[PDB]
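In what follows, a structure is listed as structure tokens, so that the remarks can point back to it.
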Amino acid sequence: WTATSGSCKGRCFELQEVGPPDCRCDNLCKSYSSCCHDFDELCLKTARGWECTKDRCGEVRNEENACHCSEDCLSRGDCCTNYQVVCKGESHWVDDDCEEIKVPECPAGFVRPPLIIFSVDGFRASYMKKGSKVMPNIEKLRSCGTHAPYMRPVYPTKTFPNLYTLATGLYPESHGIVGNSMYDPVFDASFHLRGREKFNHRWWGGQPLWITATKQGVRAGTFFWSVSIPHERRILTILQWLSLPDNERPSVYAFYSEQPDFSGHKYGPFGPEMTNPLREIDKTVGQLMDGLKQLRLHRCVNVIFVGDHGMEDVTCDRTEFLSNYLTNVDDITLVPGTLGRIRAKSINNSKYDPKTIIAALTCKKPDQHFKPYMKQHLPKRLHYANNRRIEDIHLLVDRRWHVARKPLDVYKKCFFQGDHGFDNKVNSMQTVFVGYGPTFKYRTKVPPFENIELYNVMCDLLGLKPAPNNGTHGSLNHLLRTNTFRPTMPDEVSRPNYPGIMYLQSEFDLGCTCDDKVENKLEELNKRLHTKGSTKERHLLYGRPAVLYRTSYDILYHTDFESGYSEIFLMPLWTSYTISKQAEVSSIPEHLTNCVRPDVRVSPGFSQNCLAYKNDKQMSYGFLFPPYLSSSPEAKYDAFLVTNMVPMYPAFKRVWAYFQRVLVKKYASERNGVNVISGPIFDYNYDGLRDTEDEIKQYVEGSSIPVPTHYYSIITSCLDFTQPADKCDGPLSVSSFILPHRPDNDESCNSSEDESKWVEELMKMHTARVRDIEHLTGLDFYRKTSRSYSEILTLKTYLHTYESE
Ligand SMILES: *[C@@H]1O[C@H](CO)[C@@H](O[C@@H]2O[C@H](CO)[C@@H](O[C@@H]3O[C@H](CO[C@H]4O[C@H](CO)[C@@H](O)[C@H](O[C@H]5O[C@H](CO)[C@@H](O)[C@H](O)[C@@H]5O[C@H]5O[C@H](CO)[C@@H](O)[C@H](O)[C@@H]5O)[C@@H]4O)[C@@H](O)[C@H](O[C@H]4O[C@H](CO)[C@@H](O)[C@H](O)[C@@H]4O[C@H]4O[C@H](CO)[C@@H](O)[C@H](O)[C@@H]4O)[C@@H]3O)[C@H](O)[C@H]2NC(C)=O)[C@H](O)[C@H]1NC(C)=O
Ligand SMILES: O=C(Cn1cnc2ccc(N3CCN(C[C@H]4CCOC4)CC3)cc2c1=O)NCc1ccc(Cl)c(Cl)c1
Ligand SMILES: [Ca+2]
Ligand SMILES: [Ca+2]
Ligand SMILES: [Cl-]
Ligand code: NA
Ligand code: NA
Ligand SMILES: [Zn+2]
């Protein structure tokens with residue numbers, strides 16, 4: 001109930017919202033149907049429109065008008081945005097040359113440059129270039145400020161997940177808004193774009209920027225707007241708030257536009273009808289900037305122009321139907337469209353089996369346009385699993401396609417020509433970032449970056465301490481002229497042991513054999529030097545990784561590779577080696593095919609054993625440093641040490657062997673040498689974070705050898721590829737992957753073919769940031785480089801995407 005007979009007189013767009021059943025006058029009252037009776041009359045004036053004209057100049061103030069051209073309007077803070085242009089001979093902001101803003105030029109009483117966030121729904125990254133002729137105000141922001149060629153959204157590339165990620169710095173799995181529609185089984189409640197359930201605070205986790213500001217004594221209302229308030233009135237409201245007295249004035253403001261998304265859905269991303277919405281958004285930016293210029297704030301405010309996601313061509317005819325795959329289609333609930341989420345229609349149905357649904361959806365049709373996954377098997381880069389609102393069964397839908405339950409869903413809802421939601425690495429889903437103001441750099445282009453990083457920067461822009469989030473604070477320091485955040489490297493928690501030769505061969509009873517009993521004072525001292533670290537500067541290029549948790553581990557040196565060997569997990573946490581452009585690939589000699597050799601630096605009690613693998617009929621083993629890349633026949637014996645062995649399903653070993661035998665050498669030829677760090681990952685509870693020992697769900701049968709959920713590799717070389725990886729003077733270049741360690745290759749529909757036709761495609765799908773590997777392993781990489789730490793942070797957040805131009 002609302003007692004709507006209160007009044008908005010003197011309260012229009014009040015910042016504090018009032019409590020039921022008292023009527024409301026804030027920018028959200030329309031959404032709640034709770035505005036006072038006189039809200040439209042008082043607060044949503046439209047008389048005479050949005051622009052001054054010659055005849056209005058110096059008019060007698062008329063309180064009915066939408067905005068004013070009377071002489072008093074500047075002191076009132078309520079002139080039409082074009083007032084000074086029409087009436088006082090001034091120029092539009094867009095017509096002024098840009099001049100570097102070296103320092104904030106702010107009116108007295110301003111304690112800090114305000115931040116204005118201008119969010120545009122569905123603003124695809126390529127609009128910046130393709131629409132530049134019809135967006136002169138945005139083009140000036142972009143060219144004079146700091147811009148990225150594009151910004152990567154989070155998955156799913158839907159509105160609510162992305163806007164709330166912008167506000168919180170968190171992945172959707174952590175903030176809880178994991179789609180535009182959701183079912184929460186604990187609440188037993190549903191969330192929708194339409195309706196009131198979304199108003200309940202229990203859906204919305206983390207700490208959004210307006211709450212972070214408020215808690216720290218910086219004024220800020222929410223970033224939400226009722227859809228029916230026109231854009232011109234939103235801008236005028238922001239400009240009025242900026243005229244408040246110092247003690248009442250917010251320091252952060254948000255404008256939201258439903259366009260160009262609204263039209264993009266109807267017309268496709270590049271439909272001829274799309275020009276007008278782009279012109280209209282530009283006009284709104286022009287209004288704001290002209291309004292700031294009138295207030296003398298245009299060289300004081302930091303403005304962020306940012307999108308939530310892009311838009312792709314999608315039509316009704318490109319829909320796959322689950323009813324073409326499944327017999328039991330009525331026993332499932334599907335969340336449909338550009339991603340699929342499946343759960344049982346009834347929790348009382350005990351004949352429901354996820355295993356049978358997945359199999360019925362796996363590689364069934366030659367050109368199938370979606371792939372089913374258990375959520376824990378989704379690429380780790382999506383960070384889309386650790387939330388009860390994310391259904392166990394997920395369908396990744398190909399760009400340009402929809403998935404639906406049955407045909408009648410699609411014609412009893414062709415309307416639409418655009419949609420979004422797909423994998424956040426898809427080119428059409430990328431969106432925009434431009435920062436303009438005293439705190440941003442001048443005419444500066446920065447590399448693409450992820451939207452999860454912006455919360456930290458917005459906090460820096462406002463002098464706030466960010467709540468805990470998924471950005472990597474410092475990785476965007478290069479966007480900023482000042483207010484950089486100067487982080488320190490995390491402290492190593494566990495220091496390594498450096499074992500010498502401590503065990504005789506006969507102390508081992510591992511059930512392994514090797515044909516290595518074939519026997520030189522010259523070369524004898526040499527191999528001792530190698531075991532003591534003599535080649536470590538070659539294979540460990542950026543220092544040893546730091547272990548950021550409590551554990552017991554050993555550093556093991558070898559001619560061709562160095563490793564950090566876990567006495568708790570019985571295998572390396574990491575193995576580092578460098579492969580020059582000139583390296584040669586060789587085979588595993590016949591006599592060494594089943595060779596595993598005890599490591600006399602490491603006790604039998606802390607070693608794997610071969611008998612466990614003999615007995616485990618499902619499980620085989622592979623090596624972290626590949627024997628194929630040994631520097632010499634004698635160095636090759638080091639590759640067969642029991643301390644370089646890791647458990648691998650035979651189906652995985654097809655993937656791993658091709659990576660090690662073919663692809664490492666290919667990258668080293670292409671990149672002029674590579675340094676590789678490889679290792680296991682254990683993430684049995686799919687939270688994106690390193691498992692403790694007591695969280696391991698699977699062991700090699702009969703043993704304490706834990707089975708990894710994934711294997712990673714970090715592949716580093718010189719950004720200037722005229723320099724070899726091992727003698728690089730400048731910035732680095734990296735690509736990484738986190739490959740799922742799976743007992744079948746059902747994910748790769750072409751897996752019956754030669755690895756040359758499917759393995760690299762799998763690895764591209766499972767591309768990762770070094771930071772993702774850091775979270776999953778508790779390791780900290782690149783501790784010793786010649787580079788600034790902020791630059792290293794940017795490198796650790798890099799994702800190699802394998803998308804074209
Ligand atoms: C991305 O960044 C984020 C933010 O930094 C990272 O997420 C953090 O990860 C931490 C570790 O997983 C986690 O720390 C836990 O906090 C628990 C207290 O939780 C509440 O308070 C915080 C702080 O205000 C709040 O943010 C939480 O909000 C979550 O939950 C509500 C719903 O209740 C949601 O509205 C909200 O969206 C959010 O949900 C997400 O997180 C939860 C987990 O907290 C998930 O379950 C959801 O799926 C969703 O993703 C909470 O309201 C604290 O209780 C935990 O302590 C337990 O574990 C420790 C280990 O130190 C153990 O020693 C303790 O004994 C304790 O265990 C006890 O409870 C167990 C479970 O019942 C039981 O089994 C035991 O036997 C014990 O009794 C824990 O320290 C932190 O909450 C989140 N923060 C956020 C905002 O998500 C995230 O990891 C980053 N991602 C990556 C990939 O890096
Ligand atoms: O504004 C809109 C449409 N719209 C319109 N009216 C609404 C009315 C009420 C609410 N509630 C949400 C939960 N709220 C608690 C907050 C405070 C702490 O936790 C979240 C209470 C207010 C929402 C809306 C709403 O969304 N779309 C753009 C947009 C802009 C910014 C973001 Cl971050 C997002 Cl996700 C979307
Ligand atoms: Ca959107
Ligand atoms: Ca984990
Ligand atoms: Cl109303
Ligand atoms: Na076996
Ligand atoms: Na297959
Ligand atoms: Zn949309």
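Every chain in the structure tokens has a letter given in the order shown (A, B, ...), and although residue numbers restart at 1 in each chain, ligands are simply numbered from 1 in the order shown.
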
Expected answer as a PDB file with C-alpha atoms, in the first residue's frame: residues within 9 Å of ligand 5, only C-alpha atoms and all ligand atoms:
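The resulting file, result01.pdb, is reproduced below:
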```pdb
ATOM      1  CA  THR A   4      -0.137   8.618  -2.634  1.00  0.00           C
ATOM      2  CA  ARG A  24       7.899   8.802  -3.034  1.00  0.00           C
ATOM      3  CA  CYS A  29       9.063   5.812  -7.513  1.00  0.00           C
ATOM      4  CA  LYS A  30       7.563   5.023 -11.000  1.00  0.00           C
ATOM      5  CA  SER A  31       8.999   1.463 -10.916  1.00  0.00           C
ATOM      6  CA  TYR A  32       7.306   0.797  -7.582  1.00  0.00           C
ATOM      7  CA  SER A  33       4.023   2.580  -8.592  1.00  0.00           C
ATOM      8  CA  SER A  34       4.561   4.669  -5.441  1.00  0.00           C
ATOM      9  CA  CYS A  35       5.016   8.250  -6.667  1.00  0.00           C
ATOM     10  CA  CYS A  36       2.967  11.012  -5.004  1.00  0.00           C
ATOM     11  CA  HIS A  37      -0.134  12.162  -6.849  1.00  0.00           C
ATOM     12  CA  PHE A  39       4.890  13.669  -9.342  1.00  0.00           C
ATOM     13  CA  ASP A  40       4.188  14.028 -13.122  1.00  0.00           C
TER      14      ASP A  40
END
```

Legend entry - Environment of ligand 8 within 12 Å, counting only C-alpha atoms and all ligand atoms, reported as a ChimeraX atom specification: /A:120-124,156-162,180,193,257-269,307-312,314,337-338,416-422,429

Legend entry - Site check for ligand 4: residues at most 6 Å away, only C-alpha atoms and all ligand atoms, as a VMD selection string: chain A and resid 683 to 691

Convert the current residue selection to file output with N, CA and C atoms, as a compact mmCIF listing (two decimals), in the first residue's frame.
```txt
# COMPACT_ATOMS: atom_id res chain seq x y z
N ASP A 683 40.23 -28.26 -8.47
CA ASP A 683 39.11 -27.40 -8.11
C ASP A 683 37.84 -28.26 -8.10
N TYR A 684 37.80 -29.22 -7.16
CA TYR A 684 36.64 -30.10 -7.10
C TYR A 684 35.33 -29.40 -6.69
N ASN A 685 35.38 -28.26 -5.99
CA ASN A 685 34.10 -27.57 -5.65
C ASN A 685 33.84 -26.38 -6.58
N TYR A 686 34.57 -26.35 -7.69
CA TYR A 686 34.36 -25.39 -8.79
C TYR A 686 34.12 -23.96 -8.33
N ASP A 687 34.94 -23.50 -7.39
CA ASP A 687 34.79 -22.12 -6.87
C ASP A 687 35.87 -21.20 -7.44
N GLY A 688 36.70 -21.77 -8.32
CA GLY A 688 37.73 -20.99 -9.02
C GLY A 688 38.97 -20.83 -8.12
N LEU A 689 38.99 -21.48 -6.96
CA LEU A 689 40.03 -21.32 -5.94
C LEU A 689 40.71 -22.66 -5.61
N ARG A 690 42.01 -22.64 -5.33
CA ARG A 690 42.80 -23.81 -5.03
C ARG A 690 42.12 -24.66 -3.97
N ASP A 691 41.95 -25.96 -4.21
CA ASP A 691 41.43 -26.87 -3.18
C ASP A 691 42.48 -27.19 -2.12
```

I'd like a table as a tab-separated table: residues in chain A with an atom no more than 9 Å from ligand 7, each row giving the shortest atom pair and its distance in Å to one decimal, only C-alpha atoms and all ligand atoms counted, sorted by chain and rising residue number.
```
residue	atom	partner	partner_atom_place_in_ligand_line	distance
A:362	CA	ligand 7	1 (Na)	8.8
A:363	CA	ligand 7	1 (Na)	7.7
A:744	CA	ligand 7	1 (Na)	7.2
A:745	CA	ligand 7	1 (Na)	4.5
A:746	CA	ligand 7	1 (Na)	3.8
A:747	CA	ligand 7	1 (Na)	5.8
A:748	CA	ligand 7	1 (Na)	4.5
A:749	CA	ligand 7	1 (Na)	4.2
A:750	CA	ligand 7	1 (Na)	5.7
A:751	CA	ligand 7	1 (Na)	4.3
A:752	CA	ligand 7	1 (Na)	6.4
```

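Within stretch 223-263 of chain A, DSSP applied to the backbone places the following residues in alpha helix (DSSP H): residues 231, 232, 233, 234, 235, 236, 237, 238, 239, 240, 241, 261, 262 and 263 of chain A.
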
Inset, instruction - Return the single residue from A:141, A:252, A:28, A:163 that is closest to ligand 3, with distances computed using only C-alpha atoms and all ligand atoms. - result: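 The answer is A:163, which sits nearest to ligand 3.
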
Inset, instruction - List all protein, DNA and RNA residues that have an atom no more than 6 Å from any atom of ligand 2, counting only C-alpha atoms and all ligand atoms, and report them as an NGL selection string. - result: :A and (28 or 31 or 160 or 163-164 or 167 or 198-201 or 204 or 223-226 or 256)

Kindly assemble as a tab-separated table a list of the chain A residues that lie within 8 Å of ligand 6, each paired with its nearest atom pair and their distance in Å to one decimal, using only C-alpha atoms and all ligand atoms, sorted first by chain and then by ascending residue number.
```
residue	atom	partner	partner_atom_place_in_ligand_line	distance
A:612	CA	ligand 6	1 (Na)	7.5
A:613	CA	ligand 6	1 (Na)	4.2
A:614	CA	ligand 6	1 (Na)	4.6
A:615	CA	ligand 6	1 (Na)	5.9
A:616	CA	ligand 6	1 (Na)	4.4
A:617	CA	ligand 6	1 (Na)	4.4
A:618	CA	ligand 6	1 (Na)	5.6
A:619	CA	ligand 6	1 (Na)	4.3
A:620	CA	ligand 6	1 (Na)	4.4
A:621	CA	ligand 6	1 (Na)	7.8
```

Resulting file, chosen residues, C-alpha atoms, as a PDB file, in the first residue's frame:
```
ATOM      1  CA  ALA A 612      48.961 -47.540  -8.435  1.00  0.00           C
ATOM      2  CA  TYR A 613      48.737 -46.818 -12.185  1.00  0.00           C
ATOM      3  CA  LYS A 614      49.048 -50.491 -13.155  1.00  0.00           C
ATOM      4  CA  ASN A 615      46.092 -51.235 -10.860  1.00  0.00           C
ATOM      5  CA  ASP A 616      43.889 -48.221 -11.799  1.00  0.00           C
ATOM      6  CA  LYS A 617      42.379 -49.390 -15.053  1.00  0.00           C
ATOM      7  CA  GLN A 618      40.958 -45.911 -15.798  1.00  0.00           C
ATOM      8  CA  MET A 619      44.050 -43.861 -15.096  1.00  0.00           C
ATOM      9  CA  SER A 620      47.375 -43.486 -16.852  1.00  0.00           C
ATOM     10  CA  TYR A 621      50.182 -40.877 -16.398  1.00  0.00           C
TER      11      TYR A 621
END
```

Legend entry - Residue nearest residue A:136 - candidates A:701, A:282, A:184, A:22, atoms counted: only C-alpha atoms: A:282

Legend entry - All residues 10 Å or closer to residue A:294, only C-alpha atoms, same chain fewer than 5 positions away omitted, as a PyMOL selection string: chain A and resi 74+77+79-85+90+92-93+239+288-289

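A straight line drawn from atom CA of residue A:407 to atom CA of residue A:329 is 12.0 Å long.
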
Inset, instruction - Write out as a VMD selection string each polymer residue whose atoms come within 10 Å of residue A:553, counting only C-alpha atoms; drop sequence neighbours fewer than 5 positions from it. - result: chain A and resid 494 to 499 547 563 to 573

Using only C-alpha atoms and all ligand atoms, which protein or nucleic acid residues are at most 7 Å from ligand 1, as an mmCIF file with N, CA and C atoms, in the first residue's frame?
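Output contents, as saved in pocket_38.cif:
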```
data_model
loop_
_atom_site.group_PDB
_atom_site.id
_atom_site.type_symbol
_atom_site.label_atom_id
_atom_site.label_comp_id
_atom_site.auth_asym_id
_atom_site.auth_seq_id
_atom_site.Cartn_x
_atom_site.Cartn_y
_atom_site.Cartn_z
ATOM 1 N N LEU A 170 32.540 -7.722 -9.328
ATOM 2 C CA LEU A 170 32.442 -9.155 -9.017
ATOM 3 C C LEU A 170 31.955 -9.929 -10.233
ATOM 4 N N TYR A 171 32.399 -11.176 -10.371
ATOM 5 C CA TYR A 171 31.723 -12.126 -11.322
ATOM 6 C C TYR A 171 30.232 -12.319 -10.932
ATOM 7 N N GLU A 173 28.721 -15.059 -10.665
ATOM 8 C CA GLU A 173 28.556 -16.184 -9.719
ATOM 9 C C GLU A 173 28.715 -15.702 -8.286
ATOM 10 N N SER A 174 29.440 -14.600 -8.092
ATOM 11 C CA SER A 174 29.665 -14.083 -6.751
ATOM 12 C C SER A 174 28.647 -13.004 -6.347
ATOM 13 N N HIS A 175 28.317 -12.079 -7.241
ATOM 14 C CA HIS A 175 27.283 -11.104 -6.911
ATOM 15 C C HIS A 175 25.844 -11.644 -6.943
ATOM 16 N N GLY A 176 25.637 -12.739 -7.661
ATOM 17 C CA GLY A 176 24.373 -13.459 -7.570
ATOM 18 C C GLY A 176 23.414 -13.177 -8.705
ATOM 19 N N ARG A 202 17.712 -9.417 -1.215
ATOM 20 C CA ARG A 202 18.336 -10.745 -1.100
ATOM 21 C C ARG A 202 18.955 -11.334 -2.414
ATOM 22 N N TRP A 203 18.524 -10.858 -3.580
ATOM 23 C CA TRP A 203 19.141 -11.287 -4.838
ATOM 24 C C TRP A 203 20.544 -10.712 -5.077
ATOM 25 N N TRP A 204 20.779 -9.526 -4.530
ATOM 26 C CA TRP A 204 21.860 -8.685 -4.958
ATOM 27 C C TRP A 204 22.986 -8.736 -3.938
ATOM 28 N N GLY A 205 24.071 -9.439 -4.266
ATOM 29 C CA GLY A 205 25.165 -9.645 -3.302
ATOM 30 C C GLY A 205 26.305 -8.672 -3.581
ATOM 31 N N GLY A 206 27.430 -8.889 -2.922
ATOM 32 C CA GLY A 206 28.543 -7.936 -3.007
ATOM 33 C C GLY A 206 28.178 -6.543 -2.497
ATOM 34 N N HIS A 383 34.127 -18.298 -15.338
ATOM 35 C CA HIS A 383 33.801 -18.194 -13.912
ATOM 36 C C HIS A 383 32.294 -18.269 -13.663
ATOM 37 N N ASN A 386 29.940 -21.405 -9.561
ATOM 38 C CA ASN A 386 29.822 -21.422 -8.096
ATOM 39 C C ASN A 386 28.625 -20.605 -7.548
ATOM 40 N N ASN A 387 27.429 -20.986 -7.946
ATOM 41 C CA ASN A 387 26.243 -20.327 -7.400
ATOM 42 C C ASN A 387 25.086 -21.301 -7.554
ATOM 43 N N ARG A 388 24.279 -21.447 -6.495
ATOM 44 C CA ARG A 388 23.096 -22.358 -6.522
ATOM 45 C C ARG A 388 22.061 -21.927 -7.538
ATOM 46 N N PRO A 468 36.135 -6.152 -1.247
ATOM 47 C CA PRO A 468 36.828 -7.259 -1.878
ATOM 48 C C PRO A 468 36.174 -7.658 -3.192
ATOM 49 N N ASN A 469 36.946 -7.729 -4.283
ATOM 50 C CA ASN A 469 36.279 -7.989 -5.555
ATOM 51 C C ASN A 469 37.210 -8.779 -6.494
ATOM 52 N N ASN A 470 36.775 -9.037 -7.733
ATOM 53 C CA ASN A 470 37.571 -9.860 -8.674
ATOM 54 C C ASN A 470 38.478 -9.098 -9.626
ATOM 55 N N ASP A 687 34.940 -23.503 -7.390
ATOM 56 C CA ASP A 687 34.791 -22.117 -6.868
ATOM 57 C C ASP A 687 35.865 -21.197 -7.444
ATOM 58 N N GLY A 688 36.698 -21.771 -8.320
ATOM 59 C CA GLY A 688 37.729 -20.994 -9.021
ATOM 60 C C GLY A 688 38.968 -20.829 -8.121
ATOM 61 N N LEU A 689 38.990 -21.484 -6.964
ATOM 62 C CA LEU A 689 40.031 -21.317 -5.944
ATOM 63 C C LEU A 689 40.707 -22.664 -5.610
ATOM 64 N N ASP A 772 43.781 -16.214 -13.422
ATOM 65 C CA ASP A 772 42.811 -17.319 -13.183
ATOM 66 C C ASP A 772 43.587 -18.504 -12.573
ATOM 67 N N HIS A 775 44.573 -17.854 -8.903
ATOM 68 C CA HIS A 775 43.504 -18.159 -7.961
ATOM 69 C C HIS A 775 43.413 -19.689 -7.749
#
```

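If you look at atom CA of residue A:428 and atom CA of residue A:227, they are 25.8 Å away from each other.
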
Legend entry - Length of the atom CA of residue A:104 to atom CA of residue A:140 vector [Å]: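 According to the coordinates, atom CA of residue A:104 and atom CA of residue A:140 are separated by 18.6 Å.
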
Legend entry - Among the residues A:344, A:466, A:414, A:272, the one that comes closest to residue A:210 [using only C-alpha atoms]: A:466

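Take the candidates A:87, A:304, A:154, A:186 and check each one against ligand 3 using only C-alpha atoms and all ligand atoms; the shortest distance goes to A:154.
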